[PDB]
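The residues making up each chain are set out below.
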4 protein chains.
Amino acid sequence: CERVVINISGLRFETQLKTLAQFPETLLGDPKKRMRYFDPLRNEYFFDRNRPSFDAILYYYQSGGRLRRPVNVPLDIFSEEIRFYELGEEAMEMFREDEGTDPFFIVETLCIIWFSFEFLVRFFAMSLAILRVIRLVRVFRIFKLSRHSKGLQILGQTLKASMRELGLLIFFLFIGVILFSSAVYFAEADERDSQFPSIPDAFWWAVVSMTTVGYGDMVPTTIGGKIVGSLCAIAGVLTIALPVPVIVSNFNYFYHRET
Amino acid sequence: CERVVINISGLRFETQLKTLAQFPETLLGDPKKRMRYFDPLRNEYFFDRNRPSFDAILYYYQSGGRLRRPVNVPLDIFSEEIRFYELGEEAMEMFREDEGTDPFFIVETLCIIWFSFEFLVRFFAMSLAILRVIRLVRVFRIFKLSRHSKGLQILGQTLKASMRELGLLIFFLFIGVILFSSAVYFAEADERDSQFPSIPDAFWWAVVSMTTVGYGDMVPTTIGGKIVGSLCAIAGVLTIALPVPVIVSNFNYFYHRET
Amino acid sequence: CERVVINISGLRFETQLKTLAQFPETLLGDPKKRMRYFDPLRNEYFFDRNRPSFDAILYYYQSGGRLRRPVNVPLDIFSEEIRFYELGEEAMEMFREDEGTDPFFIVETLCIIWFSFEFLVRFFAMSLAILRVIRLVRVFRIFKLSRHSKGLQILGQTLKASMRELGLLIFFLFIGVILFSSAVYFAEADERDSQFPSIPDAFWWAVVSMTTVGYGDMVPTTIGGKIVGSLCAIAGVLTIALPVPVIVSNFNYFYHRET
Amino acid sequence: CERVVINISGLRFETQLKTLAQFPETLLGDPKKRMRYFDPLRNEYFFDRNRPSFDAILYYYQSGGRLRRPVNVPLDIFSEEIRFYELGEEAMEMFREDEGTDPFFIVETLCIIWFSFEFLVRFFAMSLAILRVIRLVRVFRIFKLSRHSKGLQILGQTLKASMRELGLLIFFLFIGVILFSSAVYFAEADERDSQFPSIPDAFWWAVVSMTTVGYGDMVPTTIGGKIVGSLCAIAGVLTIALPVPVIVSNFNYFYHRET
Ligand SMILES: [K+]
Ligand SMILES: [K+]
Ligand SMILES: [K+]
Ligand SMILES: [K+]
Ligand SMILES: [K+]
Ligand SMILES: [K+]
């Protein structure tokens, strides 16, 4: 099948004419558009342009549509070329995406009034329950700032996306606490003056020993509780120092991408 | 020796004909297979394909079999080319790999019964010992989840592989604790009200000061115990913050590779 | 428009003559300067030089001035080429930048005297206020070392530049402490022996639980205070372990760039 | 000056003959050695070899000796080429490097005897001083293992090399402790029940608050001591989390390079 020669600043490219006919609207696929760059003396089309980029521009046609930016070609440059060669806004975006008492009442009432008002205006434009209700509505209040603080949105999108990541930290943390709250429970017990009788309390210690917080409300006195204490102080920093790189790589990405 | 010219979208490659005969089954090595792409006018074989990839495709023959994917060529693309040129499933994989009271009894009995049953069904398809036995079988129980929790397998494979890494953390931790539990022992002693008489107890402090847990069950009161305490708080975070990058790079790899 | 051919060690480049006339002072743009490298037999200018670099050297003219160093070309090499081709000191720098009781009184008086003297010599060359004044002038004294200690300058430039980064850590820390000092306040209260009555004190705990310092002056005794305590020990290490990579990447850069 | 053409698997290179004469012993510089690869029909030397590598092989001569391995060319491959082209062992290495009661007495005496014996055999093949002598010889004893433990050597070489790095951590730690042990000293004092009278003791707290160890032997009770306590818990983790990446990058390098 009749072949074409494209010269990009001395670098010669060759393809069949049907390969370019696969995208009739692009500059190279449109006879009338590329006609301006034909050299009758050499029988080739010449372009005084960026050499590194054309590799992909041609592969686009041969691949049926794949438009990847060569790793060694800047983003601003390669974008200009896609524009010049007239690849089309569709493929253009596809590339883009593939590439990237009273005072308390007054304050409480004023907010409920403003919030509801603003909410409605924008939208339109028993004894035991009282204990659980105050901890809910009053505690999650801070979440309102997320609507005016860019940072929170980033923190949220990262959590929603890296949920599987966090799920491991907690999971691994469990197996850890369970294994340590048990290994010390068997060596800490059967000894007087030891504040490690039950297991439920051994859970707190472990959670306080793995995160390295160490309040001092519970500490091993026996030899068997210290051996598992050292392994715990280590296993903790080891287990915790895992999902971090992931969440950070996600946050830093969501942060840099949003900004 | 008679040479051949291969034109890949304008980029010309040249090699001897025996070099290609070294792999008679591949497309380029098989006369009958490459015959379809010969251009009589130019005396060369033409391929309307990916330019960046062919560099390696040719080196494969010249190297006697080495099939490396150019750093600047996507994985999905280069794979297609290996397929087209018909390099062979062997070399193909080789590339792949080179590239990547009653309730307690009931619960206890039910499990032992189910586990043993499931185990057998799947397979077929004195006073001091009682103290060490309860800490063993009962503590390692959690390890059963590893068979239904992907995460654990990753954590295990990383440990089994980065064993030499962890061995250092503990090793370095030793030398550290030994050096600190001794430097403070000589400056903390010979002083009343000091809870640092013996060395074995100095070990606990050091292990609790390097991991930065600091329960508060032991703290320097002398000037010589604080100087070594500062160096300890530092040396600890320095020694611990070493094998981490390795274990993480292993975990993150085993995690991303498994997923 | 009359075209030119430039041969760089066998690699042929082609451009129009006006493209090179866009920078009349450079070697390639100056007829008298490039005349020395013209080959009459082939009708092309030949240069026995670095191939990888010329890609950019030519793009410079086609782009109207863009001078980027190819990712695969060393800095010392590409710099030499820019010099040879005589691109010009301007574009040269632009590239550079786009690329990178008595003793107390005596001591106090002597300093004030020396400092003021040195300052002037270099420049030319009520009861409640006394409490706030001593904490100010006397505390910020150390900042004087910054003028003789390179390290501080780096620490400062990184802070001044990554201010938005730090602003998040503190911000996120707030929302965290507010949410935790409240979630535990509702579960820690309504229970005797609990040292978590007020909220202002719950703030201290949270700040001491998220940074993982854990002095032991405050710890959850209830079940509801421990559940939020575990989430706090985690959320803390998660929130803190975020701006770090940024500040470090800034510090390490400012450090390596300054040195 | 008479020019030469080198064809590397279809990729044509051109240089002057003197450029190659600059290294008379290499294959390309030796008439008798390159004669075997000359093609009389095309007037060029042909090599059925790796294309990516030759770029550097030629630059070596043009540069007067610079032998850099292209970023996109494997180490094992490029090495083979340097060998084939016969560049010379010198340049070869240069490239390599540019590229990479009684029991106590018995035990004490036996060691002193063995050590001194082994030392000599290998080499040949008052009251206050007693307090400082026991802390020295007895404490640094562990350092003997470094001769049989690879890990320590790595830890040492990294310290000796990244000394300037560590010097900052300690330095920055100083300025920090000095600024915090002073900011809290002015707000913690003038208040009863406060364990922060003197400054020397404020130093311990700061060092225990920045490393996040928090023994609990000292904690702010005033409002002014807590505000500076939060800034301290942060500034600490910020200052410490700086030299880490450096020491790690050095250790990981010294570790991977040694192994
Ligand atoms: K800690
Ligand atoms: K701690
Ligand atoms: K603590
Ligand atoms: K504590
Ligand atoms: K305590
Ligand atoms: K940490």
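About the criteria used
- Residues numbered from 1 in each chain as written, not as in the entry; some residues may be left out.
- Chains lettered and ligands numbered in written order.
- Part of a larger assembly, values for the part shown.
- Heavy atoms only, no water.
- Residues with missing side-chain atoms left out of burial classes, pairs and counts.
- Helix = DSSP H or I, 4+ residues; strand = E, 2+ residues; numbered from the N terminus.
- Contact = heavy atoms within 4.5 Å.
- Nonpolar A, V, L, I, M, F, W, Y, C, P; charged D, E, K, R; others polar.
- Pairing = 2+ DSSP bridges.
- Domains from an automatic or database assignment.
- Axes fitted to C-alpha atoms, helices over the stretch in contact; angles between N-to-C directions.
- Expected span 1.5 Å × (residues − 1).
- Polar contact = N/O pair within 3.5 Å; in protein donor to acceptor, adjacent residues only side chain to side chain.

- This entry lists X-ray crystallography as its structure determination method and reports a resolution of 2.90 Å.

1. Details of the environment of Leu173(A)
Item 1. Among the structural elements, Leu173(A) can be located in helix α9 (residues 163–183).
Item 2. Ignoring sequence-local partners within four residues, the contact set of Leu173(A) consists of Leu168(A), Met210(A), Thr239(A) and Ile234(C).

2. Some points on the interface of chain A and chain C
Item 1. Between chain A and chain C, the contact holds 47 residues from the first and 48 residues from the second.
Item 2. Mapped onto the side of chain A that touches chain C, the elements with two or more residues apiece are β4 (44–47), α3 (51–62), α4 (75–84), α7 (129–137), α8 (150–161), α9, α11 (200–210) and α13 (243–258) of chain A.
Item 3. Here the element with the most residues in the side of chain A that touches chain C is α13(A); it accounts for six residues.
Item 4. Partitioned by chemical class, the residues of the side of chain A that touches chain C number 24 nonpolar, eleven polar and twelve charged.

3. Looking at the pairing of strand β2 (residues 11–16) of chain B
The side chains of a regular strand alternate, residue by residue, between the two faces of the sheet.
Residue and element names in this part refer to chain B.
Item 1. Note that strand β1 (residues 3–8) and β2 share six bridges and pair antiparallel. Each bridged residue has a counterpart across the sheet, and for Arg 3 the counterpart in β2 is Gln 16.
Item 2. Hairpin connection between β1 and β2: a loop of two residues separates the two successive antiparallel strands, and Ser 9 in this loop has a positive phi of roughly 60°.

4. Some points on the interface of chain A and chain B
Item 1. At the interface, 48 residues of chain A touch 47 residues of chain B.
Item 2. In terms of residue count, α9(A) provides more of the side of chain A that touches chain B than any other element does, ten residues in total.
Item 3. Looking at the side of chain A that touches chain B residue by residue, the classes come out as 28 nonpolar, eleven polar and nine charged.

5. Some words on the domain arrangement of chain A
Many descriptions give the size of an interface as the accessible area lost when the pieces come together.
Item 1. Each assigned domain of chain A is listed here: domain 1 (1–100), domain 2 (101–161) and domain 3 (162–259).
Item 2. When each unit is reduced to the centre of its C-alpha atoms, the spacing between domain 1 of chain A and domain 2 of chain A is 54 Å.

6. Description of the sheet that holds strand β4 (residues 44–47) of chain B
Two modes of strand pairing occur in sheets, parallel and antiparallel, and in both the strands are linked by backbone hydrogen bonds.
Residue and element names in this part refer to chain B.
Item 1. Ordered by their spatial adjacency, four strands build an open sheet running β2-β1-β4-β3, and the pairing between neighbours is mixed. Edge strands, defined here as strands with exactly one partner in the open sheet, are β2 and β3 (38–39).
Item 2. As judged from the two bridges shared by β3 and β4, these two strands associate in the antiparallel manner. In the strand pairing of β4, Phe 38 is matched with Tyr 45.
Item 3. Its contacts with the sheet place helix α3 (residues 51–62) against β1 and β2, and it is angled at close to 10° to β2.

7. Focus: the sheet that holds strand β2 (residues 11–16) of chain D
Residues and elements named next belong to chain D.
Item 1. Spatially, β2-β1-β4-β3 is the arrangement adopted by the four strands of the open sheet, whose pairing is mixed. Here the strands that pair on one side only, and so sit at the sheet edges, are β2 and β3 (38–39).
Item 2. For strand β1 (residues 3–8) and strand β4 (residues 44–47), the ladder comprises three bridges, and the chain directions are parallel. The residue bridging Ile 6 from the neighbouring strand is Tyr 45, located in β4.

8. Here we look at helix α12 (residues 223–240) of chain B
Item 1. For α12(B), with 18 residues, the first-to-last C-alpha span of 26 Å sits near the 26 Å given by 1.5 Å per residue.
Item 2. The residue sitting at the N-terminus of α12(B) and contributing the capping side-chain oxygen is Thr222(B); that oxygen lies 3.2 Å from the backbone nitrogen of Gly225(B).

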